[PDB]
Structure formats: C-alpha cells, structure tokens
>>> print(open('query.pdb').read())   # PDB, C-alpha atoms and all ligand atoms
ATOM      1  CA  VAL A   1     -87.927-138.080 -14.830
ATOM      2  CA  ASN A   2     -87.820-141.737 -16.099
ATOM      3  CA  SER A   3     -86.221-143.698 -19.047
ATOM      4  CA  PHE A   4     -89.406-144.224 -21.172
ATOM      5  CA  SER A   5     -88.981-142.617 -24.658
ATOM      6  CA  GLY A   6     -91.318-141.818 -27.601
ATOM      7  CA  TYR A   7     -94.635-142.172 -25.715
ATOM      8  CA  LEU A   8     -97.715-140.059 -26.452
ATOM      9  CA  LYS A   9     -99.194-138.622 -23.221
ATOM     10  CA  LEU A  10    -102.940-139.452 -22.910
ATOM     11  CA  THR A  11    -103.558-138.174 -19.351
ATOM     12  CA  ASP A  12    -101.728-136.969 -16.247
ATOM     13  CA  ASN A  13    -100.549-140.582 -15.611
ATOM     14  CA  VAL A  14    -101.142-142.706 -18.772
ATOM     15  CA  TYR A  15     -98.737-142.848 -21.732
ATOM     16  CA  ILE A  16     -98.949-144.991 -24.921
ATOM     17  CA  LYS A  17     -96.538-146.142 -27.668
ATOM     18  CA  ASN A  18     -96.598-148.521 -30.712
ATOM     19  CA  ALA A  19     -94.068-151.075 -29.564
ATOM     20  CA  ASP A  20     -93.733-154.791 -28.967
ATOM     21  CA  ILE A  21     -93.787-155.054 -25.087
ATOM     22  CA  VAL A  22     -90.789-157.616 -25.293
ATOM     23  CA  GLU A  23     -88.198-155.106 -27.020
ATOM     24  CA  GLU A  24     -89.330-152.206 -24.807
ATOM     25  CA  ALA A  25     -88.613-154.167 -21.592
ATOM     26  CA  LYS A  26     -85.191-155.265 -22.918
ATOM     27  CA  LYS A  27     -84.265-151.592 -23.666
ATOM     28  CA  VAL A  28     -85.738-149.854 -20.534
ATOM     29  CA  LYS A  29     -85.350-152.618 -17.858
ATOM     30  CA  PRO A  30     -88.284-151.070 -15.988
ATOM     31  CA  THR A  31     -88.896-151.744 -12.271
ATOM     32  CA  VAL A  32     -92.181-153.504 -13.267
ATOM     33  CA  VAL A  33     -93.286-155.135 -16.524
ATOM     34  CA  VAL A  34     -96.913-156.379 -16.547
ATOM     35  CA  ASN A  35     -97.686-159.792 -18.036
ATOM     36  CA  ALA A  36    -101.072-160.614 -19.554
ATOM     37  CA  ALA A  37    -101.310-163.772 -17.468
ATOM     38  CA  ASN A  38    -103.925-166.492 -17.033
ATOM     39  CA  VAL A  39    -104.827-168.003 -13.640
ATOM     40  CA  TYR A  40    -102.513-171.014 -14.241
ATOM     41  CA  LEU A  41     -99.539-168.803 -15.275
ATOM     42  CA  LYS A  42     -99.307-170.927 -18.434
ATOM     43  CA  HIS A  43     -97.424-168.527 -20.717
ATOM     44  CA  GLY A  44     -98.285-170.112 -24.086
ATOM     45  CA  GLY A  45     -99.143-167.259 -26.421
ATOM     46  CA  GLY A  46     -99.925-163.609 -26.762
ATOM     47  CA  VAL A  47     -97.922-161.225 -24.590
ATOM     48  CA  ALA A  48     -97.256-163.988 -22.011
ATOM     49  CA  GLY A  49     -95.820-166.395 -24.575
ATOM     50  CA  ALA A  50     -93.599-163.630 -25.972
ATOM     51  CA  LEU A  51     -92.332-162.469 -22.546
ATOM     52  CA  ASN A  52     -91.683-166.046 -21.460
ATOM     53  CA  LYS A  53     -89.803-166.861 -24.710
ATOM     54  CA  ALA A  54     -87.591-163.800 -24.134
ATOM     55  CA  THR A  55     -86.654-165.255 -20.659
ATOM     56  CA  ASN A  56     -85.631-168.598 -22.281
ATOM     57  CA  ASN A  57     -88.553-170.235 -20.364
ATOM     58  CA  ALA A  58     -87.222-169.130 -16.934
ATOM     59  CA  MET A  59     -90.511-167.223 -16.375
ATOM     60  CA  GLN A  60     -92.460-170.507 -16.906
ATOM     61  CA  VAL A  61     -90.157-172.488 -14.571
ATOM     62  CA  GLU A  62     -90.615-169.883 -11.795
ATOM     63  CA  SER A  63     -94.364-169.719 -12.486
ATOM     64  CA  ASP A  64     -94.829-173.494 -12.228
ATOM     65  CA  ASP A  65     -93.167-173.484  -8.791
ATOM     66  CA  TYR A  66     -95.446-170.534  -7.740
ATOM     67  CA  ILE A  67     -98.609-172.445  -8.788
ATOM     68  CA  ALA A  68     -97.425-175.709  -7.176
ATOM     69  CA  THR A  69     -97.107-173.782  -3.858
ATOM     70  CA  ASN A  70    -100.049-171.317  -4.033
ATOM     71  CA  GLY A  71    -102.597-172.654  -6.533
ATOM     72  CA  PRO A  72    -104.150-170.617  -9.327
ATOM     73  CA  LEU A  73    -104.668-166.843  -9.300
ATOM     74  CA  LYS A  74    -108.162-165.292  -9.395
ATOM     75  CA  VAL A  75    -109.476-163.654 -12.557
ATOM     76  CA  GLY A  76    -108.860-159.947 -11.756
ATOM     77  CA  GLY A  77    -105.933-160.868  -9.501
ATOM     78  CA  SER A  78    -102.140-160.739  -9.719
ATOM     79  CA  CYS A  79     -98.835-161.860  -8.276
ATOM     80  CA  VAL A  80     -95.376-160.349  -8.286
ATOM     81  CA  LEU A  81     -92.556-162.596  -9.548
ATOM     82  CA  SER A  82     -89.126-162.022 -11.003
ATOM     83  CA  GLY A  83     -88.657-159.867 -14.112
ATOM     84  CA  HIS A  84     -85.733-162.086 -15.174
ATOM     85  CA  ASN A  85     -83.725-160.377 -17.970
ATOM     86  CA  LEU A  86     -86.623-158.001 -18.814
ATOM     87  CA  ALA A  87     -87.359-155.974 -15.634
ATOM     88  CA  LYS A  88     -86.757-156.038 -11.884
ATOM     89  CA  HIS A  89     -90.218-157.537 -11.297
ATOM     90  CA  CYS A  90     -93.020-159.002 -13.416
ATOM     91  CA  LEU A  91     -96.548-158.239 -12.239
ATOM     92  CA  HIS A  92     -98.628-161.138 -13.631
ATOM     93  CA  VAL A  93    -102.167-159.737 -13.967
ATOM     94  CA  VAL A  94    -105.207-161.819 -15.004
ATOM     95  CA  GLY A  95    -107.687-159.884 -17.048
ATOM     96  CA  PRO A  96    -110.940-161.642 -17.999
ATOM     97  CA  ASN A  97    -110.690-163.790 -21.145
ATOM     98  CA  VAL A  98    -113.839-163.071 -23.241
ATOM     99  CA  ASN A  99    -113.013-166.218 -25.349
ATOM    100  CA  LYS A 100    -113.652-168.225 -22.037
ATOM    101  CA  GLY A 101    -116.870-166.302 -21.011
ATOM    102  CA  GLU A 102    -115.353-164.275 -18.064
ATOM    103  CA  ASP A 103    -117.144-161.160 -16.679
ATOM    104  CA  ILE A 104    -115.711-158.032 -18.424
ATOM    105  CA  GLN A 105    -116.551-156.077 -15.162
ATOM    106  CA  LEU A 106    -113.475-157.929 -13.802
ATOM    107  CA  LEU A 107    -111.281-155.787 -16.076
ATOM    108  CA  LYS A 108    -111.475-152.865 -13.580
ATOM    109  CA  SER A 109    -110.385-155.193 -10.723
ATOM    110  CA  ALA A 110    -107.469-156.393 -12.917
ATOM    111  CA  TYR A 111    -106.254-152.809 -13.555
ATOM    112  CA  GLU A 112    -106.543-151.970  -9.801
ATOM    113  CA  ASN A 113    -103.459-154.193  -9.279
ATOM    114  CA  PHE A 114    -101.399-151.587 -11.139
ATOM    115  CA  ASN A 115    -102.062-149.024  -8.355
ATOM    116  CA  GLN A 116     -99.722-150.991  -6.031
ATOM    117  CA  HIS A 117     -96.758-149.935  -8.237
ATOM    118  CA  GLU A 118     -95.578-146.350  -8.822
ATOM    119  CA  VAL A 119     -94.452-146.929 -12.455
ATOM    120  CA  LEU A 120     -95.198-149.831 -14.845
ATOM    121  CA  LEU A 121     -94.624-150.927 -18.451
ATOM    122  CA  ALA A 122     -97.837-152.783 -19.474
ATOM    123  CA  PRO A 123     -99.984-154.135 -22.290
ATOM    124  CA  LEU A 124    -103.688-153.408 -22.552
ATOM    125  CA  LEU A 125    -105.346-155.997 -20.308
ATOM    126  CA  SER A 126    -107.785-158.436 -21.887
ATOM    127  CA  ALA A 127    -106.771-157.258 -25.417
ATOM    128  CA  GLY A 128    -105.322-159.457 -28.162
ATOM    129  CA  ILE A 129    -106.090-163.174 -27.693
ATOM    130  CA  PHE A 130    -108.096-162.417 -24.471
ATOM    131  CA  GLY A 131    -110.877-161.167 -26.774
ATOM    132  CA  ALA A 132    -111.897-157.790 -25.247
ATOM    133  CA  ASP A 133    -112.281-154.526 -27.204
ATOM    134  CA  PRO A 134    -108.908-152.728 -26.772
ATOM    135  CA  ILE A 135    -110.674-149.298 -26.928
ATOM    136  CA  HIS A 136    -112.651-150.361 -23.849
ATOM    137  CA  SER A 137    -109.512-151.703 -22.147
ATOM    138  CA  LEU A 138    -107.794-148.318 -22.620
ATOM    139  CA  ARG A 139    -110.826-146.447 -21.190
ATOM    140  CA  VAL A 140    -110.867-148.724 -18.077
ATOM    141  CA  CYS A 141    -107.087-148.266 -17.713
ATOM    142  CA  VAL A 142    -107.388-144.442 -17.776
ATOM    143  CA  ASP A 143    -110.353-144.455 -15.386
ATOM    144  CA  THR A 144    -108.792-146.978 -12.900
ATOM    145  CA  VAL A 145    -104.985-146.650 -12.793
ATOM    146  CA  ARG A 146    -103.695-143.664 -10.803
ATOM    147  CA  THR A 147     -99.975-144.629 -10.929
ATOM    148  CA  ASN A 148     -97.791-143.967 -13.953
ATOM    149  CA  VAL A 149     -98.409-146.502 -16.709
ATOM    150  CA  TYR A 150     -96.532-146.804 -20.019
ATOM    151  CA  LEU A 151     -98.690-148.851 -22.430
ATOM    152  CA  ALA A 152     -97.024-150.785 -25.284
ATOM    153  CA  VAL A 153     -99.535-151.414 -28.167
ATOM    154  CA  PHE A 154     -98.032-154.048 -30.586
ATOM    155  CA  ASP A 155    -100.410-153.419 -33.576
ATOM    156  CA  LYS A 156     -99.470-150.148 -35.405
ATOM    157  CA  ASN A 157    -102.973-150.148 -36.893
ATOM    158  CA  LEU A 158    -104.543-150.590 -33.429
ATOM    159  CA  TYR A 159    -102.211-147.997 -31.868
ATOM    160  CA  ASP A 160    -103.386-145.384 -34.400
ATOM    161  CA  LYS A 161    -107.046-146.285 -33.801
ATOM    162  CA  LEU A 162    -106.613-146.083 -29.973
ATOM    163  CA  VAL A 163    -105.008-142.602 -30.211
ATOM    164  CA  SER A 164    -107.419-141.227 -32.840
ATOM    165  CA  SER A 165    -110.547-142.441 -30.887
ATOM    166  CA  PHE A 166    -109.295-141.441 -27.373
ATOM    167  CA  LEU A 167    -111.636-139.108 -25.474
TER     168      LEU A 167
HETATM  169  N1  LIG B   1     -94.261-160.126 -29.069
HETATM  170  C1  LIG B   1     -95.426-160.862 -29.482
HETATM  171  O1  LIG B   1     -95.281-161.776 -30.201
HETATM  172  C2  LIG B   1     -96.820-160.432 -29.001
HETATM  173  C3  LIG B   1     -97.911-161.270 -29.030
HETATM  174  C4  LIG B   1     -99.163-160.797 -28.614
HETATM  175  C5  LIG B   1     -99.288-159.501 -28.142
HETATM  176  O2  LIG B   1    -100.529-159.029 -27.698
HETATM  177  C6  LIG B   1     -98.190-158.656 -28.120
HETATM  178  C7  LIG B   1     -96.981-159.140 -28.550
END
>>> encode(input="query.pdb", output="structure tokens", more="lines below")
Ligand SMILES: NC(=O)c1ccc(O)cc1
Amino acid sequence: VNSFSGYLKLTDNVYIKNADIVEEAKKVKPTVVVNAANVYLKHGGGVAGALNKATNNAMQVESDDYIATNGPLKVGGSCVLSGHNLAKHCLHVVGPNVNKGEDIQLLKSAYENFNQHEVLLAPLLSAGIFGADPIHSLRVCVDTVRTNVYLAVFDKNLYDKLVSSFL
C-alpha cells in the first residue's frame, strides 16, 4: 500500500490522475518526483520551472553546482538530486525536445531511467513544451516502465483524452 490517492489504474504498474505535479508532490512527499529536465538542468518553464519555483529556486542552485562539476546530461539520461520540500529525491530525466529536433526514439531510453526506482510520481516525458504527442508518451511509458509510476497530467482536457484513447 502507498499514499497516492484518486488515480485511475491503467495497467499492473501505471496509474494516472489529473493533477498539477507541484501540488501532488507537496501533499504526498513521494520518495521520488520526476522532473522534465533539459541537459543543462535549466529549470525555466514547464514542469521544471514549476517544480523549481516551488523549491524557492533551491533546485536551480543545486542543479548549477551539479552541472559545474559533471557537465550536461545526455538526452535520454538522468541524475538523482535532492527533492527539497517536494520529495526525498528528484529524478531529473531528459526526454527528447521535438521543438529542438531530438530523436523521439530517445523517449524509450528516457523512460528506462524510471526502472531504477520502485515507485515514482512523474509527468509524461517529452509532453507539454517538449513538443511530443502525449498519447505516444503514455504508450512508451506503459511499454517501458516496469516499476510503479503515478502520472500527474496537468491538462484536464488532455487527461480525459489520454484515458478515453488508452488501449
Ligand atoms: N505547474 C505548472 O505550471 C506546469 C507547467 C507545465 C506542465 O507541463 C505542468 C505544470
């Protein structure tokens, strides 16, 4: 049993809810929240901007030190950093950004990072301002992630379309 409430069960391991990923983390304090990161960990907008704002910019300060030491992530890659006031840990995952011309085949590699964690609160990778089709992102998630993933879909309209089109 875990603390996640109000989710629709899609598969053995994938759950979905209409929720802003920022308010859900604050309520649940999950072990792992996933950030929709870029390779520079520049948390300007989208999910990353919202998560970072909720940490009062502490996520960005920690991230800048991580990049100064390690250099940029890979598209499809990840790093584990603090969850600050939102979670124990934040798994910063880089899905391909279609609005930068990145290979959508890298979305499966991105979701493979989730398998290193038994339970996660996450957004749909490469959705929103990353430009991918969220229906596709959900299909890759279901077909790639084997650990227990709780997806927060911000758009009520999109949430309803994802559920009603799910195979
Ligand atoms: N909380 C927000 O402002 C936000 C922004 C983009 C998303 O994809 C999800 C949430």
>>> residues_around(input="query.pdb", residues="region 71-77 of chain A", least_positions_apart="3", cutoff="9 Å", atoms="only C-alpha atoms", output="PyMOL selection string")
chain A and resi 38-41+66-68+92-97+102+106-113
>>> axis_aligned_box(input="query.pdb", around="region 79-92 of chain A", padding_each_side="8 Å", output="AutoDock Vina command-line options")
--center_x -91.3 --center_y -159.3 --center_z -13.5 --size_x 31.1 --size_y 22.6 --size_z 26.5
>>> residues_around(input="query.pdb", residues="residue 91 (chain A)", least_positions_apart="2", cutoff="8 Å", atoms="all atoms listed in the file", output="list in words")
residues 32, 33, 34, 35, 78, 79, 80, 81, 89 and 93 of chain A
>>> write_last_selection(input="query.pdb", atoms="C-alpha atoms", output="compact mmCIF listing (two decimals), in the frame of the given file")
# COMPACT_ATOMS: atom_id res chain seq x y z
CA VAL A 32 -92.18 -153.50 -13.27
CA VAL A 33 -93.29 -155.14 -16.52
CA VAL A 34 -96.91 -156.38 -16.55
CA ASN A 35 -97.69 -159.79 -18.04
CA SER A 78 -102.14 -160.74 -9.72
CA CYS A 79 -98.84 -161.86 -8.28
CA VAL A 80 -95.38 -160.35 -8.29
CA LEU A 81 -92.56 -162.60 -9.55
CA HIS A 89 -90.22 -157.54 -11.30
CA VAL A 93 -102.17 -159.74 -13.97
>>> residues_around(input="query.pdb", residues="residue 44 (chain A)", least_positions_apart="6", cutoff="12 Å", atoms="all atoms listed in the file", output="ChimeraX atom specification")
/A:35-38,50-53,57,59-60,129
>>> residues_near_ligand(input="query.pdb", ligand="ligand LIG 1 (chain B)", cutoff="9 Å", atoms="all atoms listed in the file", output="list in words")
residues 19, 20, 21, 22, 23, 36, 45, 46, 47, 48, 49, 50, 51, 123, 124, 127, 128, 129, 130, 152, 153, 154 and 155 of chain A
>>> resolve_selection(input="query.pdb", expression="the PyMOL selection byres (((chain A and resi 139) around 12) and not hetatm)", output="VMD selection string")
chain A and resid 10 to 11 14 107 to 108 111 124 to 125 133 to 138 140 to 145 162 to 163 165 to 167
>>> atom_distance(input="query.pdb", atom1="CA of residue 149 (chain A)", atom2="CA of residue 122 (chain A)")
6.9 Å
>>> atom_distance(input="query.pdb", atom1="CA of residue 55 (chain A)", atom2="CA of residue 28 (chain A)")
15.4 Å
>>> decode(input="query.pdb", residues="region 71-105 of chain A", atoms="N, CA, C and O atoms", output="PDB file, in the first residue's frame")
ATOM      1  N   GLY A  71      29.164  18.487 -15.913  1.00  0.00           N
ATOM      2  CA  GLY A  71      28.771  18.787 -17.283  1.00  0.00           C
ATOM      3  C   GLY A  71      27.342  18.326 -17.567  1.00  0.00           C
ATOM      4  O   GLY A  71      26.656  17.785 -16.647  1.00  0.00           O
ATOM      5  N   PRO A  72      26.863  18.620 -18.754  1.00  0.00           N
ATOM      6  CA  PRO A  72      25.480  18.371 -19.116  1.00  0.00           C
ATOM      7  C   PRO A  72      25.124  16.883 -19.102  1.00  0.00           C
ATOM      8  O   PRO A  72      25.963  15.992 -19.302  1.00  0.00           O
ATOM      9  N   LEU A  73      23.851  16.615 -18.855  1.00  0.00           N
ATOM     10  CA  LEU A  73      23.284  15.259 -19.058  1.00  0.00           C
ATOM     11  C   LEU A  73      23.284  14.954 -20.553  1.00  0.00           C
ATOM     12  O   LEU A  73      23.558  15.849 -21.374  1.00  0.00           O
ATOM     13  N   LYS A  74      22.968  13.694 -20.863  1.00  0.00           N
ATOM     14  CA  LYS A  74      22.615  13.211 -22.217  1.00  0.00           C
ATOM     15  C   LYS A  74      21.093  13.295 -22.400  1.00  0.00           C
ATOM     16  O   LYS A  74      20.353  13.091 -21.422  1.00  0.00           O
ATOM     17  N   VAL A  75      20.669  13.571 -23.616  1.00  0.00           N
ATOM     18  CA  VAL A  75      19.247  13.376 -23.962  1.00  0.00           C
ATOM     19  C   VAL A  75      18.954  11.886 -23.804  1.00  0.00           C
ATOM     20  O   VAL A  75      19.672  11.055 -24.341  1.00  0.00           O
ATOM     21  N   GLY A  76      17.922  11.552 -23.013  1.00  0.00           N
ATOM     22  CA  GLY A  76      17.597  10.166 -22.646  1.00  0.00           C
ATOM     23  C   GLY A  76      18.185   9.839 -21.312  1.00  0.00           C
ATOM     24  O   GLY A  76      17.872   8.727 -20.769  1.00  0.00           O
ATOM     25  N   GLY A  77      19.035  10.675 -20.734  1.00  0.00           N
ATOM     26  CA  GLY A  77      19.657  10.357 -19.449  1.00  0.00           C
ATOM     27  C   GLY A  77      19.016  11.022 -18.261  1.00  0.00           C
ATOM     28  O   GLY A  77      17.956  11.646 -18.393  1.00  0.00           O
ATOM     29  N   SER A  78      19.617  10.879 -17.094  1.00  0.00           N
ATOM     30  CA  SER A  78      19.040  11.336 -15.828  1.00  0.00           C
ATOM     31  C   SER A  78      20.113  11.547 -14.776  1.00  0.00           C
ATOM     32  O   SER A  78      21.228  10.979 -14.902  1.00  0.00           O
ATOM     33  N   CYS A  79      19.751  12.228 -13.730  1.00  0.00           N
ATOM     34  CA  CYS A  79      20.540  12.237 -12.481  1.00  0.00           C
ATOM     35  C   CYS A  79      19.594  12.338 -11.325  1.00  0.00           C
ATOM     36  O   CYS A  79      18.465  12.868 -11.473  1.00  0.00           O
ATOM     37  N   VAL A  80      20.034  11.842 -10.197  1.00  0.00           N
ATOM     38  CA  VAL A  80      19.291  11.929  -8.933  1.00  0.00           C
ATOM     39  C   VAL A  80      19.820  13.073  -8.094  1.00  0.00           C
ATOM     40  O   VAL A  80      21.037  13.083  -7.786  1.00  0.00           O
ATOM     41  N   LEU A  81      18.992  14.012  -7.724  1.00  0.00           N
ATOM     42  CA  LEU A  81      19.367  15.120  -6.833  1.00  0.00           C
ATOM     43  C   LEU A  81      18.353  15.196  -5.698  1.00  0.00           C
ATOM     44  O   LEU A  81      17.425  14.345  -5.619  1.00  0.00           O
ATOM     45  N   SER A  82      18.486  16.186  -4.866  1.00  0.00           N
ATOM     46  CA  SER A  82      17.536  16.356  -3.778  1.00  0.00           C
ATOM     47  C   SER A  82      16.123  16.597  -4.274  1.00  0.00           C
ATOM     48  O   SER A  82      15.908  17.268  -5.248  1.00  0.00           O
ATOM     49  N   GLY A  83      15.128  16.154  -3.485  1.00  0.00           N
ATOM     50  CA  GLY A  83      13.729  16.535  -3.720  1.00  0.00           C
ATOM     51  C   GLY A  83      13.311  17.785  -2.975  1.00  0.00           C
ATOM     52  O   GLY A  83      12.185  18.210  -3.123  1.00  0.00           O
ATOM     53  N   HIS A  84      14.227  18.369  -2.201  1.00  0.00           N
ATOM     54  CA  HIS A  84      13.937  19.617  -1.470  1.00  0.00           C
ATOM     55  C   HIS A  84      12.667  19.427  -0.614  1.00  0.00           C
ATOM     56  O   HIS A  84      12.573  18.406   0.088  1.00  0.00           O
ATOM     57  N   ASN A  85      11.752  20.363  -0.703  1.00  0.00           N
ATOM     58  CA  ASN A  85      10.498  20.359   0.075  1.00  0.00           C
ATOM     59  C   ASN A  85       9.422  19.536  -0.622  1.00  0.00           C
ATOM     60  O   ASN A  85       8.306  19.446  -0.091  1.00  0.00           O
ATOM     61  N   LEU A  86       9.710  18.934  -1.761  1.00  0.00           N
ATOM     62  CA  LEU A  86       8.680  18.235  -2.560  1.00  0.00           C
ATOM     63  C   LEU A  86       8.718  16.718  -2.427  1.00  0.00           C
ATOM     64  O   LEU A  86       7.656  16.086  -2.685  1.00  0.00           O
ATOM     65  N   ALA A  87       9.853  16.113  -2.174  1.00  0.00           N
ATOM     66  CA  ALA A  87      10.057  14.662  -2.248  1.00  0.00           C
ATOM     67  C   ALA A  87      11.378  14.346  -1.562  1.00  0.00           C
ATOM     68  O   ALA A  87      12.165  15.297  -1.311  1.00  0.00           O
ATOM     69  N   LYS A  88      11.670  13.095  -1.298  1.00  0.00           N
ATOM     70  CA  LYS A  88      13.013  12.748  -0.824  1.00  0.00           C
ATOM     71  C   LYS A  88      14.048  13.094  -1.898  1.00  0.00           C
ATOM     72  O   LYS A  88      15.035  13.823  -1.621  1.00  0.00           O
ATOM     73  N   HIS A  89      13.800  12.594  -3.093  1.00  0.00           N
ATOM     74  CA  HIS A  89      14.715  12.721  -4.242  1.00  0.00           C
ATOM     75  C   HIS A  89      13.947  13.310  -5.410  1.00  0.00           C
ATOM     76  O   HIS A  89      12.759  13.007  -5.619  1.00  0.00           O
ATOM     77  N   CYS A  90      14.676  14.004  -6.290  1.00  0.00           N
ATOM     78  CA  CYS A  90      14.183  14.360  -7.636  1.00  0.00           C
ATOM     79  C   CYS A  90      15.006  13.620  -8.670  1.00  0.00           C
ATOM     80  O   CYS A  90      16.262  13.774  -8.679  1.00  0.00           O
ATOM     81  N   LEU A  91      14.355  12.819  -9.490  1.00  0.00           N
ATOM     82  CA  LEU A  91      14.999  12.205 -10.653  1.00  0.00           C
ATOM     83  C   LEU A  91      14.800  13.129 -11.847  1.00  0.00           C
ATOM     84  O   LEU A  91      13.682  13.271 -12.367  1.00  0.00           O
ATOM     85  N   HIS A  92      15.861  13.836 -12.224  1.00  0.00           N
ATOM     86  CA  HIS A  92      15.837  14.744 -13.396  1.00  0.00           C
ATOM     87  C   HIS A  92      16.047  13.925 -14.652  1.00  0.00           C
ATOM     88  O   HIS A  92      17.115  13.298 -14.779  1.00  0.00           O
ATOM     89  N   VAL A  93      15.027  13.782 -15.473  1.00  0.00           N
ATOM     90  CA  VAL A  93      15.070  12.939 -16.674  1.00  0.00           C
ATOM     91  C   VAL A  93      14.940  13.821 -17.897  1.00  0.00           C
ATOM     92  O   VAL A  93      14.027  14.637 -17.956  1.00  0.00           O
ATOM     93  N   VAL A  94      15.804  13.621 -18.883  1.00  0.00           N
ATOM     94  CA  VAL A  94      15.791  14.393 -20.141  1.00  0.00           C
ATOM     95  C   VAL A  94      15.123  13.605 -21.247  1.00  0.00           C
ATOM     96  O   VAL A  94      15.721  12.704 -21.782  1.00  0.00           O
ATOM     97  N   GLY A  95      13.868  13.910 -21.506  1.00  0.00           N
ATOM     98  CA  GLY A  95      13.247  13.398 -22.712  1.00  0.00           C
ATOM     99  C   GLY A  95      13.686  14.239 -23.912  1.00  0.00           C
ATOM    100  O   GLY A  95      14.068  15.408 -23.762  1.00  0.00           O
ATOM    101  N   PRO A  96      13.576  13.694 -25.127  1.00  0.00           N
ATOM    102  CA  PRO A  96      13.862  14.496 -26.317  1.00  0.00           C
ATOM    103  C   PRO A  96      12.865  15.649 -26.431  1.00  0.00           C
ATOM    104  O   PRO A  96      11.681  15.534 -26.190  1.00  0.00           O
ATOM    105  N   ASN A  97      13.410  16.806 -26.827  1.00  0.00           N
ATOM    106  CA  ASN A  97      12.632  18.022 -27.106  1.00  0.00           C
ATOM    107  C   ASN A  97      12.423  18.051 -28.620  1.00  0.00           C
ATOM    108  O   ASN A  97      13.381  18.304 -29.383  1.00  0.00           O
ATOM    109  N   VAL A  98      11.203  17.799 -29.059  1.00  0.00           N
ATOM    110  CA  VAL A  98      10.840  17.845 -30.509  1.00  0.00           C
ATOM    111  C   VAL A  98      11.066  19.270 -31.019  1.00  0.00           C
ATOM    112  O   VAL A  98      11.434  19.391 -32.238  1.00  0.00           O
ATOM    113  N   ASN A  99      10.783  20.288 -30.232  1.00  0.00           N
ATOM    114  CA  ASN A  99      10.978  21.716 -30.653  1.00  0.00           C
ATOM    115  C   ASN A  99      12.477  22.066 -30.760  1.00  0.00           C
ATOM    116  O   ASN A  99      12.732  23.251 -31.151  1.00  0.00           O
ATOM    117  N   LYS A 100      13.407  21.116 -30.524  1.00  0.00           N
ATOM    118  CA  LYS A 100      14.874  21.264 -30.808  1.00  0.00           C
ATOM    119  C   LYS A 100      15.357  20.221 -31.825  1.00  0.00           C
ATOM    120  O   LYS A 100      16.576  20.144 -32.015  1.00  0.00           O
ATOM    121  N   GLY A 101      14.481  19.387 -32.394  1.00  0.00           N
ATOM    122  CA  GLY A 101      14.844  18.360 -33.391  1.00  0.00           C
ATOM    123  C   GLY A 101      15.452  17.067 -32.850  1.00  0.00           C
ATOM    124  O   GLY A 101      16.046  16.318 -33.650  1.00  0.00           O
ATOM    125  N   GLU A 102      15.233  16.713 -31.584  1.00  0.00           N
ATOM    126  CA  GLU A 102      15.817  15.487 -30.964  1.00  0.00           C
ATOM    127  C   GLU A 102      15.046  14.216 -31.349  1.00  0.00           C
ATOM    128  O   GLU A 102      13.790  14.254 -31.504  1.00  0.00           O
ATOM    129  N   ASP A 103      15.738  13.096 -31.420  1.00  0.00           N
ATOM    130  CA  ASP A 103      15.218  11.805 -31.919  1.00  0.00           C
ATOM    131  C   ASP A 103      14.182  11.299 -30.905  1.00  0.00           C
ATOM    132  O   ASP A 103      14.515  11.133 -29.737  1.00  0.00           O
ATOM    133  N   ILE A 104      12.937  11.126 -31.347  1.00  0.00           N
ATOM    134  CA  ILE A 104      11.816  10.693 -30.480  1.00  0.00           C
ATOM    135  C   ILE A 104      12.075   9.279 -29.979  1.00  0.00           C
ATOM    136  O   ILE A 104      11.493   8.976 -28.916  1.00  0.00           O
ATOM    137  N   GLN A 105      12.915   8.467 -30.679  1.00  0.00           N
ATOM    138  CA  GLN A 105      13.311   7.103 -30.261  1.00  0.00           C
ATOM    139  C   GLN A 105      14.012   7.190 -28.919  1.00  0.00           C
ATOM    140  O   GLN A 105      13.896   6.231 -28.127  1.00  0.00           O
TER     141      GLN A 105
END
